[PDB]
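Student: Sending over a structure as structure tokens; questions will come in a sec.
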Amino acid sequence: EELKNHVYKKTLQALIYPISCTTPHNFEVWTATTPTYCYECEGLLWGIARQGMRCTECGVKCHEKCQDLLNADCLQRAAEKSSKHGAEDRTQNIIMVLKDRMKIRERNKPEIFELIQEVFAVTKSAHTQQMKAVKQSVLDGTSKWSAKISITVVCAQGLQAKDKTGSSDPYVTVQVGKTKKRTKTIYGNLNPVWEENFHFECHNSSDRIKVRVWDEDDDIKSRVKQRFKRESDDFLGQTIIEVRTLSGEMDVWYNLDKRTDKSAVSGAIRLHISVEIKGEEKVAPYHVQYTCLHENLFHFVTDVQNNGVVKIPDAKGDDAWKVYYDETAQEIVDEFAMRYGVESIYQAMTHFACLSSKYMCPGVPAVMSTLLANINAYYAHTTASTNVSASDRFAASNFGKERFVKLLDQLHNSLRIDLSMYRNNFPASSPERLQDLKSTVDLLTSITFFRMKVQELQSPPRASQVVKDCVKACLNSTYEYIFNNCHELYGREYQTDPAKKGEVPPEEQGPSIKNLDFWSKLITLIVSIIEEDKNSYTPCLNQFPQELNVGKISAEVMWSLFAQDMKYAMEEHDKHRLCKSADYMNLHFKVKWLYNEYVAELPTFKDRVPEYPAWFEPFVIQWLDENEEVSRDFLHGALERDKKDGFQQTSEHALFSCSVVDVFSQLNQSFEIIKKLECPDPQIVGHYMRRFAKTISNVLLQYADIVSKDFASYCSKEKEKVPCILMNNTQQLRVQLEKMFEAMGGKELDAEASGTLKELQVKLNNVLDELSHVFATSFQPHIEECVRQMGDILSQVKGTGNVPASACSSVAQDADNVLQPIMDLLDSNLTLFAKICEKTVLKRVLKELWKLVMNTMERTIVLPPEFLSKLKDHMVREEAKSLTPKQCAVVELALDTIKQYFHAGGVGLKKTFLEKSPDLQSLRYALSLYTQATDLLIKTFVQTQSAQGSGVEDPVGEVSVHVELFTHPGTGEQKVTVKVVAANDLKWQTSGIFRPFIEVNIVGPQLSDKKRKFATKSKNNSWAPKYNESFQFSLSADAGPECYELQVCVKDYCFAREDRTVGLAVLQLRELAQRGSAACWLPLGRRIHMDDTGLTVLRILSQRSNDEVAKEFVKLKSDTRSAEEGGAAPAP
């Protein structure tokens, strides 16, 4: 209150006579060339020694030291000069100028005085009466030196003695003008203290105070003296003082002087002296008075006039920072800051303190950015010519540095706060609040700059980081709020059903387990925000463009917070599977899109393989599962529809049936659903491919199986189209599987998906072999039948250099006759199969058939039932009427015809495979036996009949031979010394005298020229007869001993009658080749055992029925004991 009313009064006084009424003294230096007296002090001006100043405008003559002590303006001092030259009336005139100035001022600017009244809340009547007071303080006070004076006589020291006591009873009189007063008396003292005050009136600075000290005589002498002298109280001394030496308040001691005829004087008097030319010395330092004025005015303007709205001033330039108000108010504070000097920066800091209480009002952040840029520029640069620091010049602020620092920090914090929710506090929908926002960051740069420049702080908070925190803050508050309120937000902001805009359950404003829609909704929220940040805020907040892309900070913050939440969601869905596979696939495309839009290009995530595919992968696998099972049900349907269609070929040249196509179509539709994800994690891809390669393997083996199963039922000799088509299906699987494997990225494929499909292809191959076999096999009975007929037809042909012209019928006619049963079957079927089998299929079929055929002929014709089943039977010791040249031909031509048929010009089998067919080469080889030489055949017999020695069926006795294989010392041939030691167990109890002897024979090749037989002497009546007789066979030199065997035979001697065979044993000379010599018991058989090659050779040697070696061989091997004299039957 005190300061407010003091400042009200001083503002009224300051502006009733505004200092802008005043005029300046144009002084010339002027020589007082005669003794002259100064119009201020009345002091001597004289010569050059004491020159004066003569004004022209005020005219006024004074000391130099007085030309400024001439206090009043050049109007008033022109008046006072005019009174001191002669015209006093000019003084009353300029008193009337002072009146008229104040009347005009009031009448012309009444709004100044009214505003001071309203700002200081004074009434109009009381304002009129305080205005009477400040009018009077310049209008009674228009020209006054009407001093009240208040003289405290304090004390004296060293006074003269005069007393009745012998000391003195000093009192004092004081006089000013005619008026006279006294102290009471100090008694008996020469150093008295009174401290006694006298008020006086003076009307002239050239008056004197008179002060006089008196010894108080109250005695008969003083009662007498009172009749003759005025001063009845013996005078102790005086001082006399000019009123112009006085001012304000004083406390001074003065030495004392004489006056009266009674005077004896010494010492001094102390006087306190007040002089009430003194006025408002009670100044709050005019700073503070101006502040009070300014705060009152500011609240009055903003709050009272403008209802708290900050009216931005009637301001001019950047120096709006110095024009705080409209004219009236501006002139108020300026006439105050002029009359009372208050510096422009102090005025400004006061205004910035005011504004900070309102900083949120529109445009105020631009004004405060301005005002602070200036208060900064002031302390940082204005008078930075002073070597004092900005922070210290700012300390020397009469406002108080600290008060200002606090104020900035509070404000800055309040800005940081508002920025931390920039979106909510400065919505993009208000460009005005986007501009206040922009001007706020301009203010915050201006504060950071003040801290850096005026406070001289070295690392103040960097304006970009300060704001980046606030943005991150505002973004995280956004994210929390969206993740918790997704439905309310997506609801109101976009939702594709108006019934879904409201407070949907929290399990749907955060994550649902039932649906993916919260997440599609959250995706759109995220997009929208990043857009607003990119689009409204990144431009609004461009001050740190390099540091502060609001759109990027948005995309990063929001995705990060999202991706966490989404990952857990996908894991949660995976436990429950309430949404369909498909829904997660749709969500995957949305998420794939979203990342690949906003996120992938932020450096942080450009740096990485996207992790999101790991979220969807189980749902893709689920889909692959649903897919495989559907595909396997489909597979069975397709196979069964095709089966119902009897497995027709898709066309007569599209050799597989339609199910193959359907399946590959399905598998491709399926694969493409996978492929359409393009998962950027190739191991998750690898997993899908492993999963699917299994699907494929399973489906295709299940096909190949369902085929392989039905296959044999179709192999019957009339549905033949169908097994062809099924093998073509199988092969077509392999073929399209190679394609699909390539489509899955071929050799680039996951090694285990690849492992699977390689395994699969190998199994499908092995299936196709077994089908080709099973197929070729169903014709086998027909083949065997036909081949037996061809064998029957061939048996009419014989060795036709030895037969008539119906069987010496040409090699061709015989071959044709022979061939005919098969050529019928062949031509039809191979043509049909060549038309309707895929070449892979056909080749396998044909190999199987070829083998089968070859083997069938080799058996059924070349080692035929029409030969050996006679010779080794009770039937004919066959020739097959000689398998000469002719039936070697016929067959070789038929084989060739067949080989051309199976070859089918390369449409069938390769002439290489056929020529190098073991089936053929064996067949050819058996054909070669038939034409061979007798000794080669006999050699083949002894070498193959190795078993002729190990085991005899029912022995008739045994022979002890000691045999020596001398590689002969006389010739280098092989000779065989057979020492016939004895026989034993001879089953020969004959009716005549028994006379046993032992024959020994040799068997092997090249024995036509050599003694094949020896015999011992006889022994009478003896069934274990000894001989000790030595024979010497010769072998060939060229054939080794393993080409030979002894054939021992005991016999009964009957001269003039006939000798009789008692038994037979074979000793292989292959043993004696090793043993060198051998004592051995040879069990005598009744016959000698053979194998099929003994018998094939014996069938070919029996054809040599005229060759004496072949006769004697066929005879000596068909040689047997008569059962007489010794019991049971032989065995084969």
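Ligands are numbered from 1 in the order shown, chains are lettered A, B, ... in the order of the structure tokens, and residues start at 1 in each chain.
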Please identify all polymer residues within 8 Å of segment 98-115 of chain A, counting only C-alpha atoms, omitting same-chain residues fewer than 6 positions from it, and present them as a list in words.
Tutor: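 So, after excluding close chain neighbours, the residues are residues 12, 15, 16, 17, 21, 124, 135, 138, 139, 142, 328, 329 and 332 of chain A.
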Student: Out of segment 479-545 of chain A, which residues get alpha helix (DSSP H) from DSSP, as a PDB file with N, CA and C atoms, in the first residue's frame?
Tutor:
ATOM      1  N   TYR A 479       1.519 -43.075 -27.270  1.00  0.00           N
ATOM      2  CA  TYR A 479       1.535 -44.525 -27.464  1.00  0.00           C
ATOM      3  C   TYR A 479       0.787 -45.259 -26.359  1.00  0.00           C
ATOM      4  N   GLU A 480       1.113 -44.948 -25.106  1.00  0.00           N
ATOM      5  CA  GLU A 480       0.419 -45.481 -23.945  1.00  0.00           C
ATOM      6  C   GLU A 480      -1.077 -45.304 -24.143  1.00  0.00           C
ATOM      7  N   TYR A 481      -1.467 -44.069 -24.447  1.00  0.00           N
ATOM      8  CA  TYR A 481      -2.854 -43.749 -24.576  1.00  0.00           C
ATOM      9  C   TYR A 481      -3.478 -44.543 -25.724  1.00  0.00           C
ATOM     10  N   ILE A 482      -2.825 -44.665 -26.885  1.00  0.00           N
ATOM     11  CA  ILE A 482      -3.386 -45.458 -27.976  1.00  0.00           C
ATOM     12  C   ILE A 482      -3.419 -46.950 -27.688  1.00  0.00           C
ATOM     13  N   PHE A 483      -2.414 -47.504 -27.022  1.00  0.00           N
ATOM     14  CA  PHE A 483      -2.356 -48.934 -26.763  1.00  0.00           C
ATOM     15  C   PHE A 483      -3.385 -49.371 -25.721  1.00  0.00           C
ATOM     16  N   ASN A 484      -3.719 -48.453 -24.817  1.00  0.00           N
ATOM     17  CA  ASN A 484      -4.721 -48.660 -23.788  1.00  0.00           C
ATOM     18  C   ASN A 484      -6.137 -48.313 -24.261  1.00  0.00           C
ATOM     19  N   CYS A 486      -7.190 -48.112 -27.776  1.00  0.00           N
ATOM     20  CA  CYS A 486      -7.199 -48.331 -29.222  1.00  0.00           C
ATOM     21  C   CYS A 486      -8.596 -48.257 -29.785  1.00  0.00           C
ATOM     22  N   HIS A 487      -9.559 -48.808 -29.053  1.00  0.00           N
ATOM     23  CA  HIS A 487     -10.895 -48.859 -29.570  1.00  0.00           C
ATOM     24  C   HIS A 487     -11.621 -47.542 -29.552  1.00  0.00           C
ATOM     25  N   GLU A 488     -11.499 -46.790 -28.480  1.00  0.00           N
ATOM     26  CA  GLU A 488     -12.080 -45.470 -28.348  1.00  0.00           C
ATOM     27  C   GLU A 488     -11.502 -44.524 -29.405  1.00  0.00           C
ATOM     28  N   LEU A 489     -10.198 -44.633 -29.629  1.00  0.00           N
ATOM     29  CA  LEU A 489      -9.495 -43.823 -30.594  1.00  0.00           C
ATOM     30  C   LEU A 489      -9.786 -44.240 -32.023  1.00  0.00           C
ATOM     31  N   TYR A 490      -9.530 -45.501 -32.374  1.00  0.00           N
ATOM     32  CA  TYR A 490      -9.821 -46.001 -33.707  1.00  0.00           C
ATOM     33  C   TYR A 490     -11.291 -45.924 -34.037  1.00  0.00           C
ATOM     34  N   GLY A 491     -12.099 -46.282 -33.045  1.00  0.00           N
ATOM     35  CA  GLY A 491     -13.502 -45.971 -32.937  1.00  0.00           C
ATOM     36  C   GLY A 491     -13.805 -44.606 -33.520  1.00  0.00           C
ATOM     37  N   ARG A 492     -13.607 -43.570 -32.720  1.00  0.00           N
ATOM     38  CA  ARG A 492     -13.958 -42.205 -33.101  1.00  0.00           C
ATOM     39  C   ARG A 492     -13.237 -41.697 -34.355  1.00  0.00           C
ATOM     40  N   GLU A 493     -11.975 -42.058 -34.550  1.00  0.00           N
ATOM     41  CA  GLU A 493     -11.152 -41.510 -35.624  1.00  0.00           C
ATOM     42  C   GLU A 493     -11.404 -42.159 -37.002  1.00  0.00           C
ATOM     43  N   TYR A 494     -11.828 -43.431 -37.094  1.00  0.00           N
ATOM     44  CA  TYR A 494     -12.024 -44.109 -38.400  1.00  0.00           C
ATOM     45  C   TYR A 494     -13.088 -45.213 -38.493  1.00  0.00           C
ATOM     46  N   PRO A 506     -12.088 -53.258 -22.549  1.00  0.00           N
ATOM     47  CA  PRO A 506     -10.642 -53.076 -22.457  1.00  0.00           C
ATOM     48  C   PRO A 506      -9.824 -54.164 -23.160  1.00  0.00           C
ATOM     49  N   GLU A 507     -10.295 -55.410 -23.167  1.00  0.00           N
ATOM     50  CA  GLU A 507      -9.729 -56.545 -23.924  1.00  0.00           C
ATOM     51  C   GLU A 507      -9.844 -56.411 -25.465  1.00  0.00           C
ATOM     52  N   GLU A 508     -10.265 -55.244 -25.936  1.00  0.00           N
ATOM     53  CA  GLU A 508     -10.481 -54.867 -27.326  1.00  0.00           C
ATOM     54  C   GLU A 508     -10.041 -53.397 -27.583  1.00  0.00           C
ATOM     55  N   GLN A 509      -9.649 -52.679 -26.524  1.00  0.00           N
ATOM     56  CA  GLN A 509      -8.957 -51.376 -26.518  1.00  0.00           C
ATOM     57  C   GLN A 509      -7.470 -51.506 -26.255  1.00  0.00           C
ATOM     58  N   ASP A 517      -8.562 -57.497 -35.010  1.00  0.00           N
ATOM     59  CA  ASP A 517      -9.089 -56.233 -35.484  1.00  0.00           C
ATOM     60  C   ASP A 517      -8.493 -55.087 -34.691  1.00  0.00           C
ATOM     61  N   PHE A 518      -8.370 -55.231 -33.370  1.00  0.00           N
ATOM     62  CA  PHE A 518      -7.577 -54.329 -32.530  1.00  0.00           C
ATOM     63  C   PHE A 518      -6.234 -53.989 -33.178  1.00  0.00           C
ATOM     64  N   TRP A 519      -5.568 -54.965 -33.782  1.00  0.00           N
ATOM     65  CA  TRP A 519      -4.266 -54.765 -34.400  1.00  0.00           C
ATOM     66  C   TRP A 519      -4.356 -54.065 -35.746  1.00  0.00           C
ATOM     67  N   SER A 520      -5.328 -54.407 -36.593  1.00  0.00           N
ATOM     68  CA  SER A 520      -5.567 -53.618 -37.814  1.00  0.00           C
ATOM     69  C   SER A 520      -5.875 -52.159 -37.477  1.00  0.00           C
ATOM     70  N   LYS A 521      -6.521 -51.947 -36.338  1.00  0.00           N
ATOM     71  CA  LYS A 521      -6.943 -50.644 -35.845  1.00  0.00           C
ATOM     72  C   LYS A 521      -5.782 -49.856 -35.280  1.00  0.00           C
ATOM     73  N   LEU A 522      -4.957 -50.532 -34.494  1.00  0.00           N
ATOM     74  CA  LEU A 522      -3.704 -50.012 -33.980  1.00  0.00           C
ATOM     75  C   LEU A 522      -2.760 -49.625 -35.132  1.00  0.00           C
ATOM     76  N   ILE A 523      -2.675 -50.428 -36.200  1.00  0.00           N
ATOM     77  CA  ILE A 523      -1.890 -50.088 -37.400  1.00  0.00           C
ATOM     78  C   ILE A 523      -2.322 -48.726 -37.952  1.00  0.00           C
ATOM     79  N   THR A 524      -3.621 -48.498 -38.110  1.00  0.00           N
ATOM     80  CA  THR A 524      -4.118 -47.236 -38.656  1.00  0.00           C
ATOM     81  C   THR A 524      -3.869 -46.035 -37.735  1.00  0.00           C
ATOM     82  N   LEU A 525      -4.014 -46.219 -36.422  1.00  0.00           N
ATOM     83  CA  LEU A 525      -3.656 -45.197 -35.436  1.00  0.00           C
ATOM     84  C   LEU A 525      -2.214 -44.763 -35.604  1.00  0.00           C
ATOM     85  N   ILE A 526      -1.320 -45.740 -35.677  1.00  0.00           N
ATOM     86  CA  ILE A 526       0.108 -45.504 -35.804  1.00  0.00           C
ATOM     87  C   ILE A 526       0.409 -44.677 -37.062  1.00  0.00           C
ATOM     88  N   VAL A 527      -0.118 -45.100 -38.209  1.00  0.00           N
ATOM     89  CA  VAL A 527      -0.027 -44.377 -39.478  1.00  0.00           C
ATOM     90  C   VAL A 527      -0.448 -42.919 -39.304  1.00  0.00           C
ATOM     91  N   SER A 528      -1.647 -42.702 -38.771  1.00  0.00           N
ATOM     92  CA  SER A 528      -2.223 -41.374 -38.600  1.00  0.00           C
ATOM     93  C   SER A 528      -1.342 -40.426 -37.788  1.00  0.00           C
ATOM     94  N   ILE A 529      -0.819 -40.905 -36.663  1.00  0.00           N
ATOM     95  CA  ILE A 529       0.043 -40.103 -35.806  1.00  0.00           C
ATOM     96  C   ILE A 529       1.346 -39.749 -36.525  1.00  0.00           C
ATOM     97  N   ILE A 530       1.995 -40.740 -37.140  1.00  0.00           N
ATOM     98  CA  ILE A 530       3.262 -40.499 -37.824  1.00  0.00           C
ATOM     99  C   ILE A 530       3.058 -39.475 -38.930  1.00  0.00           C
ATOM    100  N   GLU A 531       1.931 -39.565 -39.625  1.00  0.00           N
ATOM    101  CA  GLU A 531       1.531 -38.540 -40.551  1.00  0.00           C
ATOM    102  C   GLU A 531       1.417 -37.172 -39.897  1.00  0.00           C
ATOM    103  N   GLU A 532       0.621 -36.989 -38.852  1.00  0.00           N
ATOM    104  CA  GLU A 532       0.511 -35.673 -38.225  1.00  0.00           C
ATOM    105  C   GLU A 532       1.876 -35.098 -37.802  1.00  0.00           C
ATOM    106  N   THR A 538       6.687 -31.576 -37.876  1.00  0.00           N
ATOM    107  CA  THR A 538       8.037 -31.447 -38.446  1.00  0.00           C
ATOM    108  C   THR A 538       8.252 -30.071 -39.081  1.00  0.00           C
ATOM    109  N   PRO A 539       7.265 -29.508 -39.804  1.00  0.00           N
ATOM    110  CA  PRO A 539       7.355 -28.136 -40.299  1.00  0.00           C
ATOM    111  C   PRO A 539       7.202 -27.070 -39.220  1.00  0.00           C
ATOM    112  N   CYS A 540       6.264 -27.234 -38.286  1.00  0.00           N
ATOM    113  CA  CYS A 540       6.098 -26.266 -37.205  1.00  0.00           C
ATOM    114  C   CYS A 540       7.400 -26.098 -36.399  1.00  0.00           C
TER     115      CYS A 540
END
Student: Excluding residue 398 of chain A and any residue of its chain fewer than 6 positions from it, enumerate the residues within 12 Å of it, using only C-alpha atoms, and give them as a PyMOL selection string.
Tutor: chain A and resi 285-288+290-291+342-350+392+404
Student: Store the residues picked out above, limited to N, CA, C and O atoms, as an mmCIF file, in the first residue's frame.
Tutor:
data_model
loop_
_atom_site.group_PDB
_atom_site.id
_atom_site.type_symbol
_atom_site.label_atom_id
_atom_site.label_comp_id
_atom_site.auth_asym_id
_atom_site.auth_seq_id
_atom_site.Cartn_x
_atom_site.Cartn_y
_atom_site.Cartn_z
ATOM 1 N N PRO A 285 13.956 3.995 -4.305
ATOM 2 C CA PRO A 285 14.891 4.249 -5.406
ATOM 3 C C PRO A 285 14.093 4.121 -6.681
ATOM 4 O O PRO A 285 13.286 3.204 -6.791
ATOM 5 N N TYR A 286 14.176 5.101 -7.565
ATOM 6 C CA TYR A 286 13.024 5.354 -8.424
ATOM 7 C C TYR A 286 12.678 4.224 -9.392
ATOM 8 O O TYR A 286 11.534 4.090 -9.808
ATOM 9 N N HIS A 287 13.642 3.342 -9.611
ATOM 10 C CA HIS A 287 13.509 1.934 -9.956
ATOM 11 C C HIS A 287 12.257 1.272 -9.369
ATOM 12 O O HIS A 287 11.320 0.925 -10.073
ATOM 13 N N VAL A 288 12.208 1.130 -8.056
ATOM 14 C CA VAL A 288 11.139 0.492 -7.294
ATOM 15 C C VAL A 288 9.821 1.237 -7.461
ATOM 16 O O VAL A 288 8.774 0.623 -7.654
ATOM 17 N N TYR A 290 8.981 3.055 -10.087
ATOM 18 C CA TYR A 290 8.646 2.712 -11.453
ATOM 19 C C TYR A 290 8.105 1.290 -11.544
ATOM 20 O O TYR A 290 7.153 1.033 -12.268
ATOM 21 N N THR A 291 8.686 0.344 -10.816
ATOM 22 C CA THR A 291 8.210 -1.038 -10.807
ATOM 23 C C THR A 291 6.790 -1.130 -10.279
ATOM 24 O O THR A 291 5.939 -1.717 -10.937
ATOM 25 N N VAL A 342 14.833 6.248 -14.594
ATOM 26 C CA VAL A 342 14.854 4.776 -14.610
ATOM 27 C C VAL A 342 15.257 4.197 -15.964
ATOM 28 O O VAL A 342 14.618 4.458 -16.979
ATOM 29 N N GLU A 343 16.314 3.391 -15.983
ATOM 30 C CA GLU A 343 16.943 2.915 -17.215
ATOM 31 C C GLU A 343 16.060 1.946 -18.006
ATOM 32 O O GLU A 343 15.374 1.092 -17.448
ATOM 33 N N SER A 344 16.119 2.036 -19.330
ATOM 34 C CA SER A 344 15.303 1.256 -20.272
ATOM 35 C C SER A 344 15.314 -0.257 -20.025
ATOM 36 O O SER A 344 14.269 -0.901 -20.070
ATOM 37 N N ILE A 345 16.466 -0.837 -19.687
ATOM 38 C CA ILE A 345 16.570 -2.262 -19.362
ATOM 39 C C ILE A 345 15.816 -2.635 -18.081
ATOM 40 O O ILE A 345 15.170 -3.678 -18.025
ATOM 41 N N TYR A 346 15.833 -1.780 -17.062
ATOM 42 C CA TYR A 346 15.092 -2.010 -15.825
ATOM 43 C C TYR A 346 13.583 -2.008 -16.087
ATOM 44 O O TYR A 346 12.841 -2.869 -15.604
ATOM 45 N N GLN A 347 13.142 -1.075 -16.932
ATOM 46 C CA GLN A 347 11.771 -1.009 -17.419
ATOM 47 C C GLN A 347 11.363 -2.306 -18.152
ATOM 48 O O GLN A 347 10.315 -2.886 -17.867
ATOM 49 N N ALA A 348 12.231 -2.812 -19.031
ATOM 50 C CA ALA A 348 12.034 -4.052 -19.782
ATOM 51 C C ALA A 348 11.971 -5.327 -18.931
ATOM 52 O O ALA A 348 11.063 -6.135 -19.108
ATOM 53 N N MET A 349 12.906 -5.527 -18.001
ATOM 54 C CA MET A 349 12.912 -6.716 -17.136
ATOM 55 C C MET A 349 11.643 -6.773 -16.276
ATOM 56 O O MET A 349 11.023 -7.825 -16.133
ATOM 57 N N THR A 350 11.195 -5.610 -15.799
ATOM 58 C CA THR A 350 9.918 -5.432 -15.098
ATOM 59 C C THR A 350 8.736 -5.890 -15.951
ATOM 60 O O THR A 350 7.907 -6.682 -15.514
ATOM 61 N N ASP A 392 27.876 -10.362 -14.992
ATOM 62 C CA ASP A 392 28.180 -9.372 -13.961
ATOM 63 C C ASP A 392 27.547 -8.006 -14.219
ATOM 64 O O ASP A 392 27.071 -7.361 -13.293
ATOM 65 N N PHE A 404 15.564 -12.137 -11.905
ATOM 66 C CA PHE A 404 15.405 -12.390 -13.329
ATOM 67 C C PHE A 404 15.753 -13.835 -13.731
ATOM 68 O O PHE A 404 15.020 -14.460 -14.493
#
Student: What's around residue 1016 of chain A at 12 Å? Count only C-alpha atoms, leave out sequence neighbours fewer than 4 positions away in its own chain, and write the answer as an NGL selection string.
Tutor: :A and (978-983 or 995-1000 or 1025-1031 or 1048-1053)
Student: Which residue, A:544, A:559, A:688, A:925, has the smallest gap to residue 617 of chain A when you use only C-alpha atoms?
Tutor: A:688
Student: Pick out the residues sitting within 7 Å of segment 574-582 of chain A, and hand them over as a list in words; count only C-alpha atoms, and ignore anything fewer than 2 positions along from it in its own chain.
Tutor: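 So the residues in contact are residues 514, 515, 570, 571, 572, 584, 585, 586, 618, 619, 620, 622 and 623 of chain A.
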